[PDB]
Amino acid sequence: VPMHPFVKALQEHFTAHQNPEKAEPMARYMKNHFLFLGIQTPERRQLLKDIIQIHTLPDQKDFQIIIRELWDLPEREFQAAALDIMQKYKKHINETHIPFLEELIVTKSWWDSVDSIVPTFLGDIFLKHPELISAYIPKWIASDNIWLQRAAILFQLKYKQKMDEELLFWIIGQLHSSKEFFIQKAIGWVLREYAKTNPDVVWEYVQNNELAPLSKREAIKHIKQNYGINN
C-alpha cells in the first residue's frame, strides 16, 4: 500500500528545499540521534502550509495514519511537521488517544518531540479527565523509559492554579534519585514553572526534600531572589 499522498507530497516539497549545510549543525544539536534535511521552523511551517493549500488537510479518518507515516520517515523535520499536523486535528483528540500519544513518546524519542507532546496534548487530556491519571502515571514512573518518566513529570507543566500539588510532589519524590539528566532537568523545570504560581510551596518543598543538585538549582533560578541566599 502506497504512502498517503499527503505525506508523499510533503516529503517531496520538504526534500526540494533541503539545506545540507544547515542540516549538519541541526543534527549535532540533537546529539546526532537523527538525520535532518536542514529546514528550520519558519520555512518548515510554510512548506506544510503550501501542501495544505494545494491538497487540503486529509479527512480526520486518516489523522493517525498520517502521523505514523511521518514518524517513520528518517529526517527529524517530518516528526516536527507531524506535531504541527496533530495540532490541526486538536479538536478531534480525546482521552481515547492516550495510548496513541504514549507510542509517539517512546518512538523516535528525544526532548524536542516529547516536550511538544506532553504538556500540551497529554496535559489537556488529563485536565479534562483527571480520573485517568492513575491509569497511566504509575506505569510511566515504573517503566524503564525515561521519556515516559519525563511525561509523568511534565504533563502538569502549564496547569498553574489547576496544579495537583500532592500529585506533583509525589511524582517528583518517586523520581528524585534518578541520575538521568532529562529527569533531573524536568523536575527543575516543572518546579520553576509552578513557582510562578505558588512560590512559597515550591520554596518549602525544595528546602525540605531531597533533590538532585541540578533539579534544585533550576527550580529556584528565579525565586531565590524573593527569599535570599543565606550565608
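Between two forms, the rigid core is the largest collection of C-alphas that superpose within 1.5 Å. In case it trips you up, residue 1 is the first one in the sequence shown, and so on.
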Next item on the list: Rigid core fitted first, then name the stretch among 10-18 and 219-227 whose C-alphas deviate most from the displayed form in 9 other deposited structures of this protein.
Entry: 219-227
Next item on the list: Would you determine, from the values in the PDB entry, which of 76-84 and 157-165 has the greater average C-alpha temperature factor?
Entry: 157-165
Next item on the list: Look up the CA B-factors in the entry and say which stretch, 44-52 or 57-65, has the higher mean.
Entry: 57-65
Check: Which one of 146, 137, 117, 125 shows the biggest C-alpha B-factor in the PDB entry?
Finding: 146
Notebook entry, point to check: Lowest, middle or highest third of the chain for the C-alpha temperature factor of residue 177?
Noted result: middle
Next item on the list: Determine, from the deposited record, the chain-internal third of the Cα B-factor for residue 207: lowest, middle or highest.
Entry: highest
Margin query: Split into thirds by Cα B-factor across the chain's modelled residues, where does residue 89 land: lowest, middle or highest?
Written below: highest
Margin query: Can you tell me whether residue 95 has a C-alpha B-factor in the lowest, middle or highest third compared with the other modelled residues of the same chain?
Written below: highest
Note to self: Looking at the temperature factor on the CA atom of residue 9, which third of the chain's modelled residues does it land in?
What the structure shows: highest
